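Just the one chain here, the form deposited without the partner chain, laid out as structure tokens.
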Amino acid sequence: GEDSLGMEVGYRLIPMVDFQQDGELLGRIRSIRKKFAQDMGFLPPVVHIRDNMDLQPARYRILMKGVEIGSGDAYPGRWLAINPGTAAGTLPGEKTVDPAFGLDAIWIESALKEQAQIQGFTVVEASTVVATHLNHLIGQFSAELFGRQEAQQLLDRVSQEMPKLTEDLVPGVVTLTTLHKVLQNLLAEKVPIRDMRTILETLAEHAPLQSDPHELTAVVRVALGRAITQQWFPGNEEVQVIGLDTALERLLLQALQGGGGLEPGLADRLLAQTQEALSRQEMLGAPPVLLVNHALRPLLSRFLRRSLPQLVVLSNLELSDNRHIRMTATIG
């Protein structure tokens, strides 16, 4: 009954979503959905747009299965001047916060656009503010948006290109339930699922031996290690990562191996130090990537990303073996 993905708008935002008028936001939505399909392998559901007149005139909401996941203001006659961290001074206008990243921002008249840019502000128009927020929410909720129906539709599409591979695999070797869970686990850590041949071929080799979607996910991630490596370290420059202090690594390994647990305070400090390492990577311009021993990757991914979803936790078995790695930050 409820649309998988929906948007509600006050009356001032109707033009940017009206195919008979300017409809600028409709074209941005299409590019967002196309870019997710091509880059992540995940065609998001259509965004059902409807007017809502008890909403403020310049207000929009974004909803998933009828549950609001985001909202904000967009003023068609104004630009949003966003301070990325380097802007200088202030501008007159409605002070706010950019909906995607939480950065300080100001809605400004058109006549201040260039002045704001000279002051180092990133200046975007109203429809782009909404699009950016939607694009961010689709990314944040990619796994939740990829339900069983979505998994079936994708399997049906790939079946057209790879009929024999898909026939030998589902449902006799891996069920849709298991395939959906593995694909969801990949999307949950921002791993693209566009390379369905490698994914299905890997499941075909290991599903007969391991029915656990958790273990399949680890083996699929290794099979996709080149795509994962190029996602966070595109090109051929030095791979700059966070690493664990050597002593910490062994304390965690021996805790999972029944050799003695770590005091709870050490876990809290582990989390605090991961946040500090993230801030350092950001300051260095390096990726938000923590590289760890294969045996630790699922644990630390779940433990740390619960509080720090921006963190990427990779296994040493996933990182392309021809890359030069440098630990630019150390946790512990």
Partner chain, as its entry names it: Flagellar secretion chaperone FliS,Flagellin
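Throughout, rigid core stands for the largest set of C-alpha atoms superposing within 1.5 Å between the two forms. Positions refer to the first chain, counted from 1.
Heads up, the form solved in complex with the partner chain isn't pictured, but that's what we're talking about next.
- Taking heavy atoms and a 4.5 Å cut-off, does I118 contact the partner chain in the deposited complex? Because a heavy atom of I118 falls inside 4.5 Å of the partner chain in the deposited complex, the answer is yes.
- Query: Going by a heavy atom distance of 4.5 Å, is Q140 a contact of the partner chain in the deposited complex?
  - Reply: Output for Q140 is no: heavy atoms all beyond 4.5 Å of the partner chain.
- Give a yes or no for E114: in the deposited complex, does one of its heavy atoms lie within 4.5 Å of a heavy atom belonging to the partner chain? Judged by the heavy-atom cut-off of 4.5 Å, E114 is in contact with the partner chain in the deposited complex.
- Item | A100 within 4.5 Å of the partner chain in the deposited complex, heavy atoms | Yes, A100 sits close enough to the partner chain in the deposited complex that at least one of its heavy atoms falls within 4.5 Å.
- Query: Mind checking whether each of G225, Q273 and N293 has a heavy atom within 4.5 Å of the partner chain in the deposited complex?
  - Reply: Checking in the deposited complex: none of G225, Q273 and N293 is within 4.5 Å of the partner chain.
- Item | Option touching the partner chain, based on a heavy atom within 4.5 Å in the deposited complex, out of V220, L252, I242, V129 | Contact with the partner chain in the deposited complex is made by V129 alone.
- Message: Using a 4.5 Å heavy atom cut-off, which residue among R305, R28, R297, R59 comes into contact with the partner chain in the deposited complex?
- Response: By the 4.5 Å heavy-atom cutoff, the listed residue in contact is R28.
- Query: Among 170-178, 151-159, 119-127, 209-217, which stretch sits within 4.5 Å of the partner chain in the deposited complex, heavy atoms only?
  - Reply: Going by heavy atoms within 4.5 Å, the stretch is 119-127.
- Select from 219-250 the residues with a non-hydrogen atom within 4.5 Å of the partner chain in the deposited complex and write them out in sequence order. Contacts from 219-250: none.
- Task: Considering only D212, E109, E238, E201, single out the residue whose C-alpha is displaced by at least 2 Å between this form and the one not shown after superposing the rigid core.
- Result: Shifted by 2 Å or more: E109 only.
- Did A87 shift 2 Å or more between this form and the one not shown, C-alpha, core superposed: Passes the 2 Å threshold, so yes.
- Exceeds or equals 2 Å, Cα of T122 between this form and the one not shown, core fit: It does shift by 2 Å or more.
- Query: Quick one: once the rigid core is lined up, does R280 have its C-alpha move by 2 Å or more between this form and the one not shown?
  - Reply: For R280, whose C-alpha is compared between this form and the one not shown after core superposition, the shift is less than 2 Å.
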